[PDB]
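For any residue, its number in mature numbering (1 follows the signal peptide of the UniProt record, and there is no 0) is found by taking its place in the sequence shown, counting from 1, and adding 89.
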Amino acid sequence: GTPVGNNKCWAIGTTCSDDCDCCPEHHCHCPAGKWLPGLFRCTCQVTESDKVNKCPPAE
């Protein structure tokens, strides 16, 4: 009944810790801030593009 592969699937919007931490369909967005240096950490967000989590899928 809905088995769990390797991807642990962290909290959406939080920082990733690799090791299949985030979900496969999602990725780790590492944006930045303008006006002088001071960009915040990365956040986990869904991804549809060809570039997804290095980890395998999970159904």
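Every residue, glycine too, gets a C-beta built ideally from N, C-alpha and C.
Continuous beta strand (DSSP E) stretch holding residue i: start and end
| i | result |
| --- | --- |
| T132 | 132-135 |
Between the CA atoms of residue j and residue i - distance to the nearest angstrom
| i | j | result |
| --- | --- | --- |
| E114 | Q134 | 9 Å |
| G102 | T132 | 5 Å |
| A121 | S138 | 20 Å |
| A100 | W124 | 29 Å |
Residue closest to residue i, alpha-carbon to alpha-carbon, out of the options
| i | options | result |
| --- | --- | --- |
| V141 | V93, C112, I101, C105 | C112 |
| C109 | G127, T132, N96 | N96 |
| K143 | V93, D107, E137 | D107 |
| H118 | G127, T136, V93 | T136 |
Three-state class that DSSP yields for residue i in the structure shown
| i | result |
| --- | --- |
| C112 | coil |
| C144 | coil |
Cβ-Cβ distance between residue i and residue j below 8 Å
| i | j | result |
| --- | --- | --- |
| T104 | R130 | yes |
| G94 | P126 | no |
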